[PDB]
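A.B. asks: I have a structure here, written as structure tokens, and I will follow up with some questions on it.
Basis: the model, the stated rules and, where named, an outside source; no laboratory read-out is quoted. Note: ideal-geometry Cβ built from the backbone for every residue, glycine included; neighbour counts use all protein chains shown.
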Amino acid sequence: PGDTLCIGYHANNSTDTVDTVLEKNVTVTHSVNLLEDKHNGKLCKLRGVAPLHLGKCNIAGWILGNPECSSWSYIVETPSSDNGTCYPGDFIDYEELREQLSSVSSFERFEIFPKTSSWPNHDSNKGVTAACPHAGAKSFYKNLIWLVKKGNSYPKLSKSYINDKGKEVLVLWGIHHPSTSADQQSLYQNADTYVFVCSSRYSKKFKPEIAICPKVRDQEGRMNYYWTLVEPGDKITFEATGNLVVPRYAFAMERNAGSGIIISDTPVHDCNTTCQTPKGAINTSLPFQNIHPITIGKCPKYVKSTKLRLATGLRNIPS
Amino acid sequence: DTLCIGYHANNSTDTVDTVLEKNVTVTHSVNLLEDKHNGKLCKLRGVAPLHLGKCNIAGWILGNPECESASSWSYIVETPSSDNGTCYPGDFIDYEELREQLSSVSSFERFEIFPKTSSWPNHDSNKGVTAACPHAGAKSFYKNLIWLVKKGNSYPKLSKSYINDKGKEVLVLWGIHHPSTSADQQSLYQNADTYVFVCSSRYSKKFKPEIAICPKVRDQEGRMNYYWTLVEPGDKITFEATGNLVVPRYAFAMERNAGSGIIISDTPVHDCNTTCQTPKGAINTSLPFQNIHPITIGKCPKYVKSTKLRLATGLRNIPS
Amino acid sequence: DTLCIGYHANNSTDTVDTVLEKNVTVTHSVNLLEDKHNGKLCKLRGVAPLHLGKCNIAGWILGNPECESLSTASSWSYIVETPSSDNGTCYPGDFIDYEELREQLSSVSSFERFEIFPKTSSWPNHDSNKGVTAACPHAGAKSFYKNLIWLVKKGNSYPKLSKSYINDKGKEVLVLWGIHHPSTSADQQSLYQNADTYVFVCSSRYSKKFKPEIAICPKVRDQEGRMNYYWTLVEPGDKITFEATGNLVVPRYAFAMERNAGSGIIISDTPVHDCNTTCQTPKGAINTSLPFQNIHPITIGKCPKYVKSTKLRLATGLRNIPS
Amino acid sequence: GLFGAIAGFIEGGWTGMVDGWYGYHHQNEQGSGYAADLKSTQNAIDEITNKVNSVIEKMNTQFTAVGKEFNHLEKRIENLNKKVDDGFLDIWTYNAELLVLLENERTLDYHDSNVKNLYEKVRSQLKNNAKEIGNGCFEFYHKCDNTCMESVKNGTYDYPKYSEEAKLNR
Amino acid sequence: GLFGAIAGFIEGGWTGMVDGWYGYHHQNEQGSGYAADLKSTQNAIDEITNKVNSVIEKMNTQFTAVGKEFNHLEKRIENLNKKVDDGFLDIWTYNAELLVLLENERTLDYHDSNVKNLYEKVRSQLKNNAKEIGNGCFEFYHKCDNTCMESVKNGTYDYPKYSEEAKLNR
Amino acid sequence: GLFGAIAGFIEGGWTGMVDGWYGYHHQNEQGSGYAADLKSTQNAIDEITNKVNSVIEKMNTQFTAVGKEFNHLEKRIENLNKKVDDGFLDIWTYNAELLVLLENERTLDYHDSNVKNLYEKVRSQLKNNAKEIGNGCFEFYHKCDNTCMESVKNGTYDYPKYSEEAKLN
Ligand SMILES: *[C@@H]1O[C@H](CO)[C@@H](O[C@@H]2O[C@H](CO)[C@@H](O)[C@H](O)[C@H]2NC(C)=O)[C@H](O)[C@H]1NC(C)=O
Ligand SMILES: *[C@@H]1O[C@H](CO)[C@@H](O[C@@H]2O[C@H](CO)[C@@H](O)[C@H](O)[C@H]2NC(C)=O)[C@H](O)[C@H]1NC(C)=O
Ligand SMILES: *[C@@H]1O[C@H](CO)[C@@H](O)[C@H](O)[C@H]1NC(C)=O
Ligand SMILES: *[C@@H]1O[C@H](CO)[C@@H](O)[C@H](O)[C@H]1NC(C)=O
Ligand SMILES: *[C@@H]1O[C@H](CO)[C@@H](O)[C@H](O)[C@H]1NC(C)=O
């Protein structure tokens, strides 16, 4: 005969389950995932700045003027990118240069040693090779000039540049090591030669290492590539009696603390993100992520978790 | 007529700490801290390690006569008392890197890359021994290299290439000798002002003898520097010298394996299996934490400096 | 007739956050975050730091005329440079493995400077009394590093130089030397006579051959030439030999030392004091039992963990409801 | 389970109560139905919401480019890098996994508590003017219409007003 | 204790009750003795085992060599490697130590909760027909034989059946 | 609150009670006043300080010189070093933050529990000889003086020695 007031709790049609230290697979009325497990499958801008995509080339091929190849948040290379160095040899401190170029604001290519007036006593046209072909013709890097003797003589060259860009200047050059004596004389005349490069910080002398190495792109000789960063007010000096692949174009740039290089075939797109992955971008709301351990930007922490469901509601008991 | 509610108590002396109170005697508990090991060096992934006995990695890979010695190993073991390495004093270039890269191989084959009998018809390949690398007390040398000297007062320019027809990386080691005096240089190589050039499709370096009298080490005032490189499948490596070259004789085709380690311990190796190895012994545990050793190899529990990590399962024991 | 069961309340305005609620007032509470420091550089584990004043490590170790050369304690727990330390390698060049040296000198339990090659008796066939430069001025005069000697030709010849040092000290000896690279061939001859030269330095573990690299480089401190600096550690009982036909800036003073583990280098204007600490920061020492700190990420010693937190209010009392 | 209410003495939940987490079902002369207690529900919402945003917003992430490039003579530092990434990996996986197990257990206990307190808060008002028939239900000893019911639901219940009558039907 | 029972208003344990963690001590005619409530005990065993398994199984670590070798000109990177190893050590040590301190307290609150719940499950059934004589005991106001006790433990205590007798003995 | 006492059935705290965290307020014919329950206030103080000490003393760190110097051609390992310091920064900042949040919750819940347990303790004594008039207050169904008012506080109260007086009221 009694009137009744019952106290109770909400139940619904939810099938969400969570795990607790005490029990597994507990169905709950409401929950949320702490684990971000979805990405937009795109390479987007970071901090609203687009990445630098290198097309089919790598950084060497791009930074040297390989015939076949303003600011950015990171760099993208495709896994099947072509060789950068066409003429075989060593790119000294290559990983470091890549790292230091990974992210920059302000970046300007300029002709540091103008081709027309910088080398009156040397030939700046004949320096082409079958190693660096372009449209059926022997060619060479655009950013360097392979100087050779003009009419049977190669005089001592001495050339200096003063950095008047209010920022670092990247300068790259090559050192040529002919395969044999004849090639040495054919190119530079002098037989026994040296190259010297020095700034207020950098200083190195080079001498050709004449030898017949395994043929790579029809070259038994070798070309080694070098770079340095000239501080704003500083001067850099080149001196040579042969074998010097001089700078033509250099790069004034402002380096940012640093990001990285993403090597992926994932398409680049006009989107924004705070966290980039090689597989695609992820919107950083959640604290954890299982897309990819290799990320760039302000990212969730990578975990090997498949599910991180956080209970917000109570145990669901419809019965 | 009475009915009471109560909880169990027993003869338990186990204790655990809680955030609110220390030394709480509980009825039942469990340890989360692995502190036991088997004092053995065991197998990883079912694969036994490479024990080098009294020799180090340098003396083993170079063929030091004192190390006469599988084709696979999960890691390398060096006894703390392993002197036997570079018997002829010198600099072993990128030695640490080589050690690391040899820590685990899934396949390993020693082959004669430059057959001794047919490779050097214009040079002497028999007088290349020293008291610094003795075999049974007699002047000897690394078994895997050959110290070439002039023949009949003449050292012709030598040029020899190898093409990697193996289906894997080939480890190639060689040396560059530096006589202490111009008299020795000429006595060994004749030419006085020589050079050595080594280059593959990746590698390239020129060597020039550096002649000076340096402090005696194992009675030698001169020095011999050792070099190595991995030749990729299909690649070629070329040696060219007018003297001072210690040519390769045996090289190693190999399949490098992820990345393992080198344990330097006196701990005996046995016929046991493990997933986590310590220099002091193997850890066979399902527990999440461990205090045996920080330097482990494999799938191991985390290292903590805890002495006790006791988890309460039962309740506070109050027999009364 | 009543009896009541109640709980404390007070004037306290302290506030803490819980996972469930923000700014909850509580009766009592403590901070788990150390946010204070003493604004001093202190002795670490009871040993004073080495403070280099207006010199950096390079200038001190080489004996730049502006630096104070031992003097220098026989031991220190870490090294302090000021952000204004100007005097280092007064003669322009490269300091090979510089960072390694700085790290390895950061903490020493024993350190002694000694004249490895007496200036007077060591070089009878060369001139050891002209090696000074305007790049390294002193009391308003040409000078040079105190721990090196810039050997020059005697009269008009530079004979083959060969000198060794055996380590009779009971411990490691740090030896430093230079290689001079003149700007021109004429300067080369004017200094060392011989136009083509070499330098050799070897011990039982170290070995390197140097060749002069003559070129006109950008003028730094009026020098178009360069001087590279090298060092190595000669273990007890071993010998180090120098051989040269020119271009060798010979050691004059070396250092017997016993290096400790770890430690680092602080670059700061923060005053050194006669205080003791277990945790040192570039801006001040930390004295606390708290497990967390937000003073500075770069610390030396047995320190609290660095965090970005601004506060870590830990409740001890109860929810404060004065009503 | 920690507070005995949810899946305890109140065995099951109500699909019929669709406007809140905790509430009542009344049954009187004027009719019956479900009604979620808005106070305790909104408070639980504000707090569980604060809980979620806490586990999320306290994750200050530094700007980082995880990837590094090493050449063939840098396997050692490459492996060091690996150890760093793998070390952070194991640390975050383990903590995230436990954080969720542990917080999920606290969350359920928290709701359990909220129900327990709601039951016993109603029980302190009614006292002996109703009987605890179980399953979280109260069978009144007096007659409790709508205005009476709502007075119980929202704190302002008048006990003395029904003391006379409650005593009778016992 | 957080729930008041264990080492609280129930001051000691029962060695007699060897058959479980929580139970009852009944006394009427016919006999008496200890008996564990296997239901709340098995649940407790299951859940605590899942707790221990949770702390253990959630580790599952990466394969790593840890050991690195550096030469006399690689002191900076050797010291970085050391900072990594020590960093992980301070993290795992502190985390392990706290996990055990925190969870141990939780486990105790849990046993305490299970008891408090048992006690209240009995209290709500009896009500008038018995006296709450403290220390966790209830003195009946009516003869309560085996099947009566078993009834209270089983939650099907028939209050009306003994209502009449109970009132009189009061 | 988790136990429904603090800010629950006992709405507020007592500024007037200063000698303890929890306690009593009596009001009999003789007089009134506040009096903190010592044994329980002390235990809570023993256990909280232990909680604070434990959080502090379990942090036993290694001697470490965090700083590192890398030249202009060691940018990669410099950044690796940055990743280590940053990773430790994120792990410890998050852990410290949540530790405080979660333990503050538990501490407040702790006190709430102590209050409730004390209340249920005296309720376990005044059984039939008193009425729970609400707000954590008991109104004695008999008349209690100071000597009696201290038997309740000490756990030695005597029910049978009042059961006769109470039965009539
Ligand atoms: C130029 O690029 C080619 C690929 O386009 C490179 O070929 C690879 O060589 C590396 C070893 O150096 C192997 O790991 C790859 O498997 C090769 N790719 C294939 C499938 O052929 C080549 O190394 C590059 N050449 C130069 C001059 O650097
Ligand atoms: C030490 O550093 C000081 C500057 O702090 C140098 O002093 C300057 O020297 C130049 C060159 O002779 C003079 O023109 C300036 O007048 C000096 N400036 C000051 C502030 O006095 C000094 O050269 C350095 N000494 C060495 C050897 O490194
Ligand atoms: C990209 O996002 C950033 C902020 O994340 C913003 O500054 C910028 O304007 C955005 N650009 C576009 C195209 O939305
Ligand atoms: C640390 O603090 C205590 C006071 O808490 C003080 O006595 C002591 O001198 C301090 N130690 C140092 C070396 O600053
Ligand atoms: C125990 O309770 C169940 C219903 O939950 C009932 O079917 C069974 O008969 C009861 N046992 C006893 C002892 O009455």
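A.B. asks: Hey, could you check the range C:46-65 for residues that are more than 16 Å from ligand 4 (Cβ to nearest atom) and small (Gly, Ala, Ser) and say which is nearest to C:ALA141 (Cα to Cα)?
C.D. replies: Applying the filter and picking the extreme gives C:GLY63.
This table checks each residue for (1) within 22 Å of A:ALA60 (Cβ to Cβ); (2) assigned by CATH to the domain that holds A:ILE63; (3) of a type in the set (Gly, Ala, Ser).
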| residue | (1), (2), (3) |
| --- | --- |
| A:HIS122 | no, yes, no |
| A:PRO133 | yes, yes, no |
| A:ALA137 | yes, yes, yes |
| A:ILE145 | yes, yes, no |
| A:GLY151 | no, yes, yes |
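A.B. asks: Does B:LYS160 qualify as being assigned by CATH to the domain that holds B:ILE61 and under 22 Å from B:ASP94 (Cβ atoms)?
C.D. replies: no
A.B. asks: Next up: Considering every residue within the range E:133-148, establish whether at least one is among the acidic types (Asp, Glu) and either within 16 Å of ligand 1 (Cβ to nearest atom) or facing another protein chain (nearest Cβ under 7 Å) (or both). Can you show your working first?
C.D. replies: The initial filter retains those residues of the range E:133-148 that are among the acidic types (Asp, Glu), namely E:139, E:145.
Now restrict to residues that are either within 16 Å of ligand 1 (Cβ to nearest atom) or facing another protein chain (nearest Cβ under 7 Å) (or both): E:139.
Looking for residues that are among the acidic types (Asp, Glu) and either within 16 Å of ligand 1 (Cβ to nearest atom) or facing another protein chain (nearest Cβ under 7 Å) (or both), one finds at least one in the range E:133-148, hence yes.
A.B. asks: Same structure again: Among B:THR79, B:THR27, which is of a type in the set (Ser, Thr, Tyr) and under 19 Å from the mean Cα position of the chain (by Cα)?
C.D. replies: B:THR79
A.B. asks: Identify, please: which residue in the range A:149-194 is polar (S, T, N, Q) and touching a strand residue (DSSP E or B) at 6+ places or on another chain (Cβ under 6 Å) and is, among those, nearest to A:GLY233 (Cα to Cα)?
C.D. replies: A:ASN163
A.B. asks: Follow-up question, since we're still on this one. Residues in the range A:52-67: is at least one more than 8 Å from every other protein chain (Cβ to nearest Cβ), within 16 Å of ligand 3 (Cβ to nearest atom) and surrounded by fewer than 17 Cβ atoms within 10 Å (Cβ to Cβ)?
C.D. replies: no
One line per residue, one yes/no per condition, for (1) closer than 25 Å to C:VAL307 by Cα; (2) in a helix (DSSP H, G or I):
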| residue | (1), (2) |
| --- | --- |
| D:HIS25 | no, no |
| D:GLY33 | no, no |
| D:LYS39 | no, yes |
| D:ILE45 | no, yes |
| D:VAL55 | yes, yes |
| D:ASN60 | yes, no |
| D:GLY67 | yes, no |
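Residues are listed down the side, and each one gets a yes or a no for (1) touching a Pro at 6+ places or on another chain (Cβ under 8 Å); (2) of a type outside the set (A, V, I, L, M, F, W, C):
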{"position": "B:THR15", "(1), (2)": "no, yes"}
{"position": "B:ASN31", "(1), (2)": "no, yes"}
{"position": "B:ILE61", "(1), (2)": "no, no"}
{"position": "B:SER74", "(1), (2)": "yes, yes"}
{"position": "B:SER81", "(1), (2)": "no, yes"}
{"position": "B:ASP94", "(1), (2)": "no, yes"}
{"position": "B:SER104", "(1), (2)": "no, yes"}
{"position": "B:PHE114", "(1), (2)": "yes, no"}
{"position": "B:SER119", "(1), (2)": "no, yes"}
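A.B. asks: crowded, with 18+ Cβ neighbours inside 10 Å and either of a type in the set (S, T, N, Q) or more than 9 Å from chain C (Cβ to nearest Cβ) (or both): which single residue out of F:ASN129, F:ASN71, F:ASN53 fits that description?
C.D. replies: F:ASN129
A.B. asks: Identify, please: which residue in the range C:82-96 is under 15 Å from the mean Cα position of the chain (by Cα) and surrounded by 18 or more Cβ atoms within 10 Å (Cβ to Cβ) and is, among those, nearest to C:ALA285 (Cα to Cα)?
C.D. replies: The qualifying residue nearest to C:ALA285 (Cα to Cα) is C:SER85.
A.B. asks: If you check A:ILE263 against the conditions, is it more than 28 Å from C:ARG221 (Cβ to Cβ) and either away from chain D (no Cβ under 14 Å) or more than 16 Å from ligand 3 (Cβ to nearest atom) (or both)?
C.D. replies: Answer is yes for this residue.
A.B. asks: If we scan the range A:47-59, do we find a residue that is of a type in the set (A, V, I, L, M), away from ligand 2 (no atom under 16 Å from the Cβ) and part of a loop (DSSP other than H, G, I, E, B)? Full working, then the answer.
C.D. replies: From the range A:47-59, those of a type in the set (A, V, I, L, M) are A:49-50, A:52, A:54, A:59; that's our starting set.
If we keep only those that are away from ligand 2 (no atom under 16 Å from the Cβ) as well, we get A:49-50, A:52, A:54, A:59.
Pick out the ones that are also part of a loop (DSSP other than H, G, I, E, B) and you get A:50, A:54.
Checked against the condition, which is being of a type in the set (A, V, I, L, M), away from ligand 2 (no atom under 16 Å from the Cβ) and part of a loop (DSSP other than H, G, I, E, B), the range A:47-59 yields at least one hit.
A.B. asks: Pick out the one residue from C:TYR7, C:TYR91 that is more than 30 Å from C:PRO304 (Cα to Cα), in a strand (DSSP E or B) and of a type in the set (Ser, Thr, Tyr).
C.D. replies: On inspection, the qualifying residue turns out to be C:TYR7.
Conditions (1) more than 7 Å from every other protein chain (Cβ to nearest Cβ); (2) over 15 Å from the mean Cα position of the chain (by Cα); (3) closer than 26 Å to B:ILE297 by Cβ, marked per residue:
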| position | (1), (2), (3) |
| --- | --- |
| E:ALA7 | no, no, no |
| E:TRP21 | no, no, no |
| E:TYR24 | no, yes, no |
| E:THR49 | yes, no, no |
| E:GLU57 | yes, yes, yes |
| E:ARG76 | no, yes, yes |
| E:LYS83 | no, yes, yes |
| E:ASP90 | no, yes, yes |
| E:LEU101 | no, yes, no |
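A.B. asks: Here's another thing I want to ask about it. Pick out the one residue from B:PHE197, B:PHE207, B:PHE252 that is among the aromatic types (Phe, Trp, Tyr), touching a strand residue (DSSP E or B) at 6+ places or on another chain (Cβ under 9 Å) and farther than 24 Å from C:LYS208 by Cβ.
C.D. replies: Working: B:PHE197 fails: farther than 24 Å from C:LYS208 by Cβ; B:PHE207 fails: farther than 24 Å from C:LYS208 by Cβ.
Result of the check over B:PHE197, B:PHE207, B:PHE252: B:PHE252.
Results for (1) outside the structural domain of C:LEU176 (by CATH); (2) more than 21 Å from C:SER69 (Cα to Cα); (3) crowded, with 20+ Cβ neighbours inside 10 Å; (4) within 16 Å of ligand 4 (Cβ to nearest atom), shown as yes or no for each residue.
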{"position": "C:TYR229", "(1), (2), (3), (4)": "no, no, yes, no"}
{"position": "C:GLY246", "(1), (2), (3), (4)": "no, yes, yes, no"}
{"position": "C:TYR253", "(1), (2), (3), (4)": "no, no, yes, no"}
{"position": "C:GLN280", "(1), (2), (3), (4)": "yes, yes, yes, yes"}
{"position": "C:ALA285", "(1), (2), (3), (4)": "yes, yes, yes, yes"}
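A.B. asks: Test C:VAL250 against the stated conditions and say whether it is away from ligand 5 (no atom under 16 Å from the Cβ), farther than 21 Å from A:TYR202 by Cα and more than 14 Å from chain F (Cβ to nearest Cβ). Before the answer, list the steps.
C.D. replies: Values: away from ligand 5 (no atom under 16 Å from the Cβ): yes; farther than 21 Å from A:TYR202 by Cα: yes; more than 14 Å from chain F (Cβ to nearest Cβ): yes.
Spelling it out, C:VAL250 is indeed away from ligand 5 (no atom under 16 Å from the Cβ), farther than 21 Å from A:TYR202 by Cα and more than 14 Å from chain F (Cβ to nearest Cβ).
A.B. asks: Let me ask something else about it. Would you check if E:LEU108 is more than 15 Å from ligand 5 (Cβ to nearest atom), more than 7 Å from chain B (Cβ to nearest Cβ) and at negative phi?
C.D. replies: The answer is no for E:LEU108.
A.B. asks: May I pose another question? Is it true that B:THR181 is over 23 Å from the mean Cα position of the chain (by Cα), away from ligand 3 (no atom under 16 Å from the Cβ) and buried (at least 18 other Cβ atoms within 10 Å of the Cβ)?
C.D. replies: For B:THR181, the condition - over 23 Å from the mean Cα position of the chain (by Cα), away from ligand 3 (no atom under 16 Å from the Cβ) and buried (at least 18 other Cβ atoms within 10 Å of the Cβ) - is not met.
A.B. asks: Does A:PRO1 satisfy the condition of being within 12 Å of chain D (Cβ to nearest Cβ), more than 30 Å from E:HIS111 (Cβ to Cβ) and not in a strand (DSSP E or B)? Show your work before the answer.
C.D. replies: Details: within 12 Å of chain D (Cβ to nearest Cβ): yes; more than 30 Å from E:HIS111 (Cβ to Cβ): yes; not in a strand (DSSP E or B): yes.
Judged against the criteria, A:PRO1 is a match.
A.B. asks: Next question, about the same structure. Restricting to the range C:237-292, give me the number of residues that are assigned to a strand (DSSP E or B) and away from ligand 2 (no atom under 16 Å from the Cβ).
C.D. replies: Residues of the range C:237-292 that are assigned to a strand (DSSP E or B), as a first pass: C:239-244, C:248-251, C:254-259, C:265-267, C:272-277, C:279-281, C:284-286, C:292.
So of that shortlist, the ones also away from ligand 2 (no atom under 16 Å from the Cβ) come out as C:239-244, C:248, C:250-251, C:254-259, C:265-267, C:272-277, C:279-281, C:284-286, C:292.
Number satisfying all stated conditions: 31.
A.B. asks: Okay, next question. So, in the range C:184-217, exactly how many residues are within 13 Å of chain A (Cβ to nearest Cβ) and either in a strand (DSSP E or B) or in contact with a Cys (Cβ under 7 Å, 6 or more places away or on another chain) (or both)? Show your work before the answer.
C.D. replies: Of all residues in the range C:184-217, those within 13 Å of chain A (Cβ to nearest Cβ) come to C:184-185, C:196, C:210-217.
Cutting the leftovers down to either in a strand (DSSP E or B) or in contact with a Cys (Cβ under 7 Å, 6 or more places away or on another chain) (or both) gives us C:210, C:215, C:217.
Qualifying residue count for the region: 3.
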